[PDB]
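1. starting from these lines, generate the structure:
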Amino acid sequence: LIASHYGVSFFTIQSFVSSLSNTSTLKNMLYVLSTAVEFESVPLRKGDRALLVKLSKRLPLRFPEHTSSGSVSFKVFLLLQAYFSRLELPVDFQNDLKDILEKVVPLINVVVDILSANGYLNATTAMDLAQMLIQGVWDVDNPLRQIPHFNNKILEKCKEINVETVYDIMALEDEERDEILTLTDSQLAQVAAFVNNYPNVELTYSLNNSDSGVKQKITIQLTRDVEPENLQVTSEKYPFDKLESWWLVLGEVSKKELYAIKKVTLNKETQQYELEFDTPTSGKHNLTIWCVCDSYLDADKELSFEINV
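-> Residues are numbered from 1 along each chain as shown. Structure as follows:
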């Protein structure tokens, strides 16, 4: 499907800015996201609150206690968690969840932008949430769970053999693979679609080596084993079409400062980009570069290095 276009309202940007901070957690961000005025187009029916209160007993993150649960925010916060946890929902909530998911992508990117434009490194946590919204799983979930039809049985027979990542599955011989993949050809088709476009990239970079109040430009390159036929994303749970994108981030963990960020698409077997940042406070800094995908979990890459001021 195609998600109806829209630009997050300035009113929502103001609200997000006002609510987010350098210490916001994954939970805080989910709550903030749930407050977007944009969600007021989502139905709130008589009887829904009572159903949602029950549902909340089965979900990990609590809605802000002293906040009214008679808002659509309560519904959005909880159904999104039900989505990540893959809980069964009655049809009306299923319909509502779909309406909610149609609007989340623009909103989570605004969260990422706000935190990053402020140089807050927790921008990476917003990115984790972004991935969760696309695959319908938690960041702490078994990474294989995002593969279509990978039920608990299969996951268990991946554990015994020590198969942990999508790459491991493919590194497998062919009847160790079949033992793992006990599914119908129809199901295997959707498994295939997923593995076919699941990314595997390699990250590298370069400098100029010497400085200070002025801008240093680092050069980051991303390598794929093959230019992907395309970047259409495969998601069993996200009902709309999505194009694969990545954030290139340079930061300093110790200070949890985000030097600079850049959104790119890795549509080639090899790419190169350049980020300009300011040149830090003397002494030296232990810096890291993250290449984070916005559409899959467990495919990110990073590498750290030392500037000697």
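
2. only C-alpha atoms from now on, for both contacts and neighbour counts.
-> Fine.

3. mind listing the helices for the protein?
-> For the chain, helices defined by DSSP state H occupy the ranges 10-19, 26-34, 48-56, 72-84, 91-117, 123-135, 152-159, 166-171, 177-180, 185-197.

4. closest to residue 309 out of those?
-> Among these, helix 91-117 comes nearest to residue 309, with 22.7 Å by Cα to Cα.

5. would you mark the buried spots in the closest one?
-> Neighbour-count burial for helix 91-117, with 16 or more other Cα atoms under 10 Å as criterion, is recorded at 93, 96-105, 107-116.

6. tell me the contacts of the residue nearest to residue 106 when sequence neighbours are not counted?
-> Closest residue to residue 106 in three dimensions, ignoring its sequence neighbours and counting by Cα to Cα, 6 or more residues apart in numbering: residue 8, at 6.7 Å. With contact taken as Cα atoms under 8 Å, 6 or more residues apart in numbering, residue 8 is in contact with 38, 106, 107, 110.

7. mind giving me the domain ranges of the protein?
-> Under the assignment named as curated CATH domains, the residue ranges that make up the domains of the chain are 1-118, 119-309.

8. can you tell me the distance between the two ends of the shortest one?
-> Pointing back at domain 1-118 there. Across domain 1-118, the terminal residues are separated by 34 Å (Cα to Cα, to the nearest Å).

9. next, count neighbours for the closest residue to residue 128 other than its chain neighbours.
-> The shortest distance from residue 128 to any residue other than its chain neighbours is 6.5 Å, reached at residue 139 (Cα to Cα, 6+ apart). The number of residues packed near residue 139 is 16, by other Cα atoms under 10 Å.

10. so residue 139 touches residue 132, yeah?
-> Yes. Counting by Cα atoms under 8 Å, residue 132 is a contact partner of residue 139 at 6.5 Å.

11. what sits in contact with each of those two?
-> Overlap between the contact sets of residue 139 and residue 132, as judged by Cα under 8 Å, 6+ apart, is given by residue 297.

12. mind listing what the closest residue to residue 126 other than its chain neighbours touches?
-> With sequence-adjacent residues excluded and distances taken as Cα to Cα, 6+ apart, residue 126 is closest to residue 112, at 5.5 Å. Taking Cα under 8 Å, 6+ apart as the contact definition, residue 112 lies against 123, 124, 126, 127.

13. residues in contact with the last one?
-> When you say that, I think you mean residue 127. For residue 127, the contacting residues are 108, 112, 292, 294, by Cα under 8 Å, 6+ apart.
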